[PDB]
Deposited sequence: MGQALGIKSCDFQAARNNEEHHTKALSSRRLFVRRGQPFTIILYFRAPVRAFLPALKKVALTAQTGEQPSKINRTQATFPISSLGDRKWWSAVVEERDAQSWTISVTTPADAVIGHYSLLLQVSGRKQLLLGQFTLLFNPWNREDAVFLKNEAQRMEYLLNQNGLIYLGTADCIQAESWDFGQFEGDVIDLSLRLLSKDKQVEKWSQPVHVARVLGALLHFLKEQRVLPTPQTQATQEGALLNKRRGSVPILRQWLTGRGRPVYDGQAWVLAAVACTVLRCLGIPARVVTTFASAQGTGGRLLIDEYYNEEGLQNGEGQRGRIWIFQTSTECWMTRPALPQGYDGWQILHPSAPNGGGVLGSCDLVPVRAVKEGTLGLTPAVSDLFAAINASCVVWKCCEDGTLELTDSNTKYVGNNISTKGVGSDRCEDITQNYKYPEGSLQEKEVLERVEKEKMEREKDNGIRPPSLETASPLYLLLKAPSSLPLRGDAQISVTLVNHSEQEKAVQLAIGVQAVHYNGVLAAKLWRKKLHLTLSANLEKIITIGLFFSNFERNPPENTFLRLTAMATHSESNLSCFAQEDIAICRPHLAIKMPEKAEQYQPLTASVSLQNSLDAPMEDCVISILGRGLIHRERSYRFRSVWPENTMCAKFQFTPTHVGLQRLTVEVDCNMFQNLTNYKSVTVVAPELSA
């Protein structure tokens, strides 16, 4: 008399309550430690409620070999006496033909695909349905608990992120579609996690993050090809291609996408995450705090590069969680650090305080933002002379997306003390001590702009100061080379050789025009300009050296759109682009996209734009999803490709009427 007709999991309402509505309105996605409501329907009216309640139990199971000892199987009754901090179920409302049941799960539940079964006493099991269980940053007792609602929305719910590329002095924000709530991303993430056979550990955010970081780094190494090829559409297509091998591969010039991809996967599983960009990052030193750079007498570099190089920038995934297995006080932001393999989670604080030994990867991360650069001059004779070089600072302008805005947040102070400060002094001395125990007349100043306009012009200055009593015959070599984001030399562009005489104790300023038209060849796309100056005097055996990184600045893509918009109404956005280049823009394509605004994307062809002329193209579209949406516009032409910009708009529901 207790037969079951159907069970409604109320996916829409529960997903709204559990902040998973972006995933689906049909499949039940719930976050652990928080109750969700189901409705059990009976084939016939239920006469006696209490005996029927005594007759029914529920079973949750996850995995292929569920068991209690693995905590992948929980059997619990349906009663008001159930442990609400554990698996439990209680009837809240009851009609003669149905029970509204509130089901809780423990705050440390194993995440993944779960089956819910109902056992009537002296009867065979009945599958009620399936649900997916995720980490819960909204629950105080969860290891991934986030204090702030704004932080939860930014680091877990926002699918429209910003990845900061460029150079420390010229930071370019690229709109990125994390897409963590795309339909198949959760399934892909859980299938990837299934490669780890320690399912009982899946209740631990630290273990899940470590496993997924290692697996994603392995996939990146296997799938990213050696060098449009640079046209990106967010994390989700990359994840699909990496896991299936189908789709457009990513090439090494954009290997930094790994940090974004990880951020997607974590975010889909309920682990708050953010992508952090570190500019001038000393990669490949193996904990050593010295970087050797080698230049020839023209101020240029001959080889592709050393193993230890100062990358123009490096992306990293930070994830939020407690660290129960570490000494107290390391809860909060953790850095995922793969090692060519296995991945380590490093509390950001440990990097700041130089706590080398807390985790294996602390030393490498600390060296990445604390190493010192030594410059060597390579002589044609073969002599490898030491050089008096300008200080090349590492770990600059550590940047991430700000909370509740499209603004850039600098978080450098979380990773490092101010240069020259007492605290930095103490940390550096302690680290130097640990490593030790375990194991001129001319002054040159280089002034350059932070950016060089595409096919444009710039001015650079070299101040040479002679401290000798004798006037000096100086040879000044100036070199402009192309370098990839990861510090790999790309192309020698320009070289200049001045022969100057400096009067004793007299400063002298040489102004030099840095013009694209003088380059021996166009810089490869996504490269930066390494500018070098090398002054050598007579036979002193020592040469002054200065270097700078310059970003290439492309024409600004202005987007003009209303700040607010009404759902289900037309909305116009005008895109303007001024051709500041020296040649016409041909093969002109403009693509528009954005989640909740445009289904997939739309590409249009606009007319060729002569130099000093302006494109002004208007697009009309109807937003259909309420909320803070983003329009992304991408321009391609024969002069430049993948020139992206974005603009946010708040779509409001229609005014209530009859």
Checklist entry - Which bits of the deposited sequence have no atoms placed for their C-alpha? => result 1-3, 231-240, 354-360, 460-472
